[PDB]
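Topology and contacts: notes
Residue-level listing of the chains:
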Amino acid sequence: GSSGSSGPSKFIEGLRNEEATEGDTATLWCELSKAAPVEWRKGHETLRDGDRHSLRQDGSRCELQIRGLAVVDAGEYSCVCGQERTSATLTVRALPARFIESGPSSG
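Residues numbered from 1 in each chain as written, not as in the entry; some residues may be left out. Heavy atoms only, no water.

Method-wise, the PDB entry is recorded as coming from solution NMR.

Here it is, written out as structure tokens:
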């Protein structure tokens, strides 16, 4: 018929340097050798779902979301599931200080 679950949870693809643009919403993902609840961390704190953050994983796929990208956010995100742990640097290009204009010409 079917099989069970053998071996712990090990990152297959692992997290890679995610470079996005300020303002946008960075989205990182990583494959898992097995289906299990993982955890995301940003520096000296454990990310959580509810505050400008979305932590969810489908079967054996993790996907972290960080609404409100900033220059400070860009650093190093770590993912912990059980015994193994991965890390990756995130870059955030600060939007070019621009201005808004009503209109070039009139008519």
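Covered by surrounding structure in strand β2 (residues 26-31) are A26, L28 and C30 only, the residues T27, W29 and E31 on the alternate face being uncovered. Of the pairings in the sheet, the one linking β2 to strand β5 (residues 61-66) comprises six bridges and is antiparallel in character. Within the sheet, the bridge partner assigned to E31 lies in β5 and is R61. (Buried < 20%, exposed > 50% of the residue type's maximum accessible area, 1.4 Å probe, protein only. Helix = DSSP H or I, 4+ residues; strand = E, 2+ residues; numbered from the N terminus. Pairing = 2+ DSSP bridges.)

To continue, consider the sheet that holds strand β4 (residues 54-58). Within a beta sheet, neighbouring strands are joined by backbone hydrogen bonds and run either parallel or antiparallel to one another. One open sheet accounts for three strands, arranged β2-β5-β4; its pairing is antiparallel. Only two strands of the sheet have a single partner each, and these edge strands are β2 and β4. Taking the axes of each pair of neighbouring strands and ignoring which way they run, one obtains an average angle of 15° across the sheet. (Axes fitted to C-alpha atoms, helices over the stretch in contact; angles between N-to-C directions.)

Within the secondary structure, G43 is located in the loop between β3 (39-42) and β4. Sequence separation of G43 and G75 is 32 residues, and the distance between their C-alpha atoms is 7.7 Å.

Another point: the sheet that holds β3. Across the sheet, which stays open at both edges, the four strands sit in the order β1-β7-β6-β3 with mixed pairing between neighbours. On the outer flanks of this sheet lie β1 (18-21) and β3, each paired with one strand and no other. Sheet twist, expressed as the mean angle between neighbouring strand axes with direction ignored, is 25°. In this structure, β1 lies alongside strand β7 (residues 85-93), joined through four bridges in parallel fashion. When the bridges of β7 are listed, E18 appears paired with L90.

With that out of the way, let us pick up the nonpolar core. Formed by 22 residues in total, the largest nonpolar core has its most connected members in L15, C30, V38, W40, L64, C79 and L90. At the level of secondary structure, the elements contributing two or more residues to this core comprise β2, β5, β6 (76-80) and β7. Look past the residues within four positions of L15 in its chain and what remains in contact with it is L28, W29, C30, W40, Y77, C79, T86, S87 and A88. (Core = buried A, V, L, I, M, F, W, Y, C linked by side-chain atoms within 4.5 Å. Contact = heavy atoms within 4.5 Å.)

Of the disulfides catalogued by UniProt, the one between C30 and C79 is broken in the present coordinates, where the sulfur separation is 4.1 Å. Checked against the element boundaries, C30 lands in strand β2. Here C79 is to be found in strand β6. (Disulfide = S-S within 2.5 Å. UniProt positions renumbered as here; feature names shortened; annotations may be inferred.)

The two faces of the sheet receive side chains in turn, since in a regular strand these alternate between them. The two faces of β5 differ: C62, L64 and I66 on one face are buried, but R61, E63 and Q65 on the other face are not. The pairing of β4 with β5 spans five bridges and is antiparallel. Looking at the pairing, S54 lines up with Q65 of β5. The antiparallel pairing of β4 with β5 creates a hairpin that spans two residues between the two strands, and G59 there sits at a positive phi of about 50°.

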